[PDB]
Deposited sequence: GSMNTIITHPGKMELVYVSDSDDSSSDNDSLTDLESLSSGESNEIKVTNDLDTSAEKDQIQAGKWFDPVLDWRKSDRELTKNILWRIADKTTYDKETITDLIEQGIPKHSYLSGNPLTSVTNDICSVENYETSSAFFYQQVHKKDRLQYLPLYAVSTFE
């Protein structure tokens, strides 16, 4: 999987998280705000948002003009029926029907 190379598009970090959570958790039976937020936010890639910039990509610059060669966006946006979570498609239109 070389960067910027033609490729047919169609994990130690995982256990790193399980380790990293169980550590900050085990000594406490009452979790905190800043605790759990910071516990979530470290499993989420760097990203920008529409207020900070209107030119933000549809993947939130997780795949952008600068990083597209290393883009992990294809990986996150694919959650197969095999996967744990089930994804509910939600689309609303403004219509005169």
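**Student:** Please report every deposited-sequence interval that has no C-alpha in the structure, sorted by position.
**Tutor:** Several stretches lack coordinates - namely 1-7, 18-72, in sequence order.
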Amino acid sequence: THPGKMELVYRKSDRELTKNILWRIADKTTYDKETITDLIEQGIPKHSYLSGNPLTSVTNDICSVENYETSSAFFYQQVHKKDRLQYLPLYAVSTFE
From here on, numbers count along this sequence of modelled residues.
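**Student:** Comparing 17-25 with 76-84, where is the mean C-alpha B-factor higher?
**Tutor:** Looking at the record's C-alpha B-factors, the answer is 76-84.
**Student:** Identify the stretch, either 42-50 or 26-34, whose C-alpha atoms have the larger mean B-factor according to the entry.
**Tutor:** Averaging CA B-factors over each stretch, the winner is 26-34.
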